[PDB]
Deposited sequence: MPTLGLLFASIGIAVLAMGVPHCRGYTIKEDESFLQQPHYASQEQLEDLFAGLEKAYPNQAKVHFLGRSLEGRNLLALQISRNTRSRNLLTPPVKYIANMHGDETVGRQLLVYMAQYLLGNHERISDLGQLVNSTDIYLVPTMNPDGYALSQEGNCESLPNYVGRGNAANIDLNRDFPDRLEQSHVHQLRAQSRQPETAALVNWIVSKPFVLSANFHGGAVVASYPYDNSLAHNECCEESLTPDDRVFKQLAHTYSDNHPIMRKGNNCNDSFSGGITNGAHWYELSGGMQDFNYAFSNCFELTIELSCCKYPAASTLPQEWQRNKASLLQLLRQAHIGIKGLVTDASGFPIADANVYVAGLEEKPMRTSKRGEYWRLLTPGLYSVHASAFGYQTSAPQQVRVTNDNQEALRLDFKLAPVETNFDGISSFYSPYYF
């Protein structure tokens, strides 16, 4: 069975240990592991993302790009190690274990163990609670990166780390995403704030709330402890919550994904203790293992397709609308691809684009039973 050797030596991987491991994977696995440079922190540390794919050279048409980010708050560390574990796990098992082999073949996966090296470096292993000043939580300038992203409710010069990720997030048609935090145990989804700007305990839901709730439940349902809902003195029905309803915050990465791209990002809290000890890590792995795989496979629900010429040629930046979800259109990729995550049910989908007559609508029955999103294409005539 499984090659999970990465557990035989519980410890937190340093910046050097991380760069070193990502290079090894790249040479260990020439065609499926590739390292991407996103940028650098204030203090020179590399912000890196390991891509895993069927073929790292390109992205197969209609393969969903997805990302996992961790450790944006430097003192919230478990997610960090879990992503380090995932990388090894996927690679070293994908040819041996069918499910995984199939996961990897069908999904374009990016792993970012840390997004705040400087923050991490300043944090102290063992601290369940953050430090004085919230040192380690924010970056080297002590600003909270989860307040530093553009807000949907209203041109860089943010923190290096923010800017890097902003650039990245809009650079590819990411379909699904999650970022990991510590302090509590719960699956949180958009929106994190509202026009009312309420302190807490008031839902600020998303047009795609159903799907979001399905995503959050996918992770929590598969997490033996999160599923409970009464962790760290918190009470979260079904182990999930709306960001805003928990408490509002502005400038977060989560809502930035949704509002400025196609991407559907969840916020996931892994532990009550922000920075637990290594010996804890092997347990955290076994719990989150299923929830991290199953969530990834949620990037396959709904539909996907091509908006194309009469020349049968891809229209980029086309819009694909779903009746009742018209406030969140999908914008096609340069190759005219789109993936529209959907809850089970039946929908009328249509596509439009400037200089093109808006397509006639198509009705589709979305059962999320099969391995890959239902194909559904569009040809548009120029006006």
| item | value |
| --- | --- |
| Missing residue ranges, deposited sequence indexing starting at 1 | 1-28, 183-190, 420-435 |
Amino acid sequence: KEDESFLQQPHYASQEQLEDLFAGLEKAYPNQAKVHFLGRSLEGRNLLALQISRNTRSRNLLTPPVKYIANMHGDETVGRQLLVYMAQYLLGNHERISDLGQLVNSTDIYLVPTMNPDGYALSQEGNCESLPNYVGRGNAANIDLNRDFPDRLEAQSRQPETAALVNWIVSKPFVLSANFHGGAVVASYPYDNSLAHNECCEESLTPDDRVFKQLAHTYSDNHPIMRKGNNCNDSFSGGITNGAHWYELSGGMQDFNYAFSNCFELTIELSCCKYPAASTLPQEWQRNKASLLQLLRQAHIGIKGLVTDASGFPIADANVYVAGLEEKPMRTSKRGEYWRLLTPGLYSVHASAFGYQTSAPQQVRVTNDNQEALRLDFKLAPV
From here on, numbers count along this sequence of modelled residues.
| item | value |
| --- | --- |
| Selected stretch [higher average CA B-factor]: 102-110 or 191-199 | 191-199 |
| Of 326-334 and 352-360, the stretch whose C-alpha atoms average the higher B-factor in the entry | 352-360 |
| Selection by C-alpha B-factor (highest) of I143, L266, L296, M72 | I143 |
| Identity of residue with top Cα B-factor, from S177, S130, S171, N288 | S130 |
| Entry-reported Cα temperature factor of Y89, expressed as the chain third it lands in | lowest |
| Assigned third (lowest, middle, highest) for the C-alpha B factor of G305 | lowest |
| Third of chain Cα B-factors occupied by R54 | highest |
| CA B-factor placement of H36, once the chain's modelled residues are sorted into thirds | lowest |
| For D118, the third of its chain into which the C-alpha B factor falls | middle |
